[PDB]
Amino acid sequence: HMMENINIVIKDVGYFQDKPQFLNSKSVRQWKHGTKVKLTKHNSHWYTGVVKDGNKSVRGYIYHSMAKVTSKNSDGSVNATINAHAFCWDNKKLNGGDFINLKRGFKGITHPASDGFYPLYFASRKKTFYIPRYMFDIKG
């Protein structure tokens, strides 16, 4: 049994990445569901904001479906609540194509991936989706 499975759970967070992309980005923050933040609209699909790591200001980007806007500030910023969810994609670009919104706490099975693209086989679909490491925990 050289082949292995991994039980995974999708994190209870929204992803505030160092770039407005899911591939080859680092999390500046993984904000718990319900966290209240200030953001600015960056484009049709992304918000941006700034946080402090020590005295250093760091910019991040969060996908529109992970941020519920509750009010609009005069300076053009917005006040929002984080809506935690993840994604898996039918290709390793992690950008459009066929993708699925995975609910916070979604329980899945995957396999060791040397390239960091963890495969999810959905019976109902006839296809492999891919989830990056940073969107899930391994029970243990």
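This deposited entry lists X-ray crystallography as its structure determination method and 2.15 Å as its resolution.

What about the sheet that holds strand 1 (residues 6-10)?
What the three strands build is an open sheet, ordered 11-1-14; its pairing is antiparallel. For this open sheet the edge positions go to strand 11 (107-110) and strand 14 (136-138), each flanked by a neighbour on one side alone. Going across the sheet, the axis of each strand differs from the next one's by a mean of 40°, ignoring polarity. One ladder, built from four bridges, connects strand 1 with strand 11; its direction is antiparallel. Bridge pairing in strand 11 links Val-9 to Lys-107.

A closer look at the environment of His-1
If you trace the backbone, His-1 turns up in the segment before strand 1. Note: C-alpha distance between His-1 and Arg-59 (58 residues apart in sequence) is 45 Å.

Side note on the UniProt feature "binding site: N-acetyl-D-glucosamine" (unreviewed entry) in the chain
Mapped onto this structure's residue numbering, the UniProt feature "binding site: N-acetyl-D-glucosamine" (unreviewed entry) falls at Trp-46, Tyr-63, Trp-89 and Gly-96. Among the secondary structure elements, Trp-46 is positioned in strand 5 (residues 46-53). Once you skip the residues sitting within four places of it in the chain, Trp-46 turns out to touch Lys-19, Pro-20, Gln-21, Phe-22, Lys-41, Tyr-61, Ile-62, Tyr-63 and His-64. With respect to the helices and strands, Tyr-63 occurs in strand 6 (residues 56-63). Sequence-distant contacts of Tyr-63, that is, excluding residues within four places in its chain, are made with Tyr-15, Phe-22, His-45, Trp-46, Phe-87 and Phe-99.

Observations regarding the nonpolar core
Counting residues in each nonpolar core, the largest one holds 40 residues, and the members touching the most others are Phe-22, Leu-39, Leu-102 and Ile-131. The contact partners of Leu-102, leaving out residues within four places of it in the chain, are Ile-10, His-85, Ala-86, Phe-87, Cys-88, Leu-120, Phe-122 and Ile-131.

Examining the environment of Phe-87
Relative to the helices and strands, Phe-87 is located in strand 9 (residues 85-89). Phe-87 sits in the buried class, given a relative accessible area of 3%. Taking the C-alpha atoms as reference points, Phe-87 and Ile-131, separated by 44 residues in sequence, lie 6.6 Å from one another. The contacts of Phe-87, once residues within four sequence positions are left out, are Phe-22, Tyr-63, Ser-65, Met-66, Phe-99, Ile-100, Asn-101, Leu-102, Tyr-130, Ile-131, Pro-132 and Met-135.

Re the environment of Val-51
With respect to the helices, strands and loops of the structure, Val-51 is situated in strand 5. Assessed through its relative accessible area of 13%, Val-51 is described here as buried. Distance in space between the C-alpha atoms of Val-51 and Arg-29 is 8.6 Å, their sequence separation being 22 residues. The residues contacting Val-51, other than those within four sequence positions of it, are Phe-16, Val-28, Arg-29, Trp-31, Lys-56, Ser-57 and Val-58.

The rules behind each value
Residues numbered from 1 in each chain as written, not as in the entry; some residues may be left out. Heavy atoms only, no water. Pairing = 2+ DSSP bridges. Helix = DSSP H or I, 4+ residues; strand = E, 2+ residues; numbered from the N terminus. Axes fitted to C-alpha atoms, helices over the stretch in contact; angles between N-to-C directions. UniProt positions renumbered as here; feature names shortened; annotations may be inferred. Contact = heavy atoms within 4.5 Å. Core = buried A, V, L, I, M, F, W, Y, C linked by side-chain atoms within 4.5 Å. Buried < 20%, exposed > 50% of the residue type's maximum accessible area, 1.4 Å probe, protein only.

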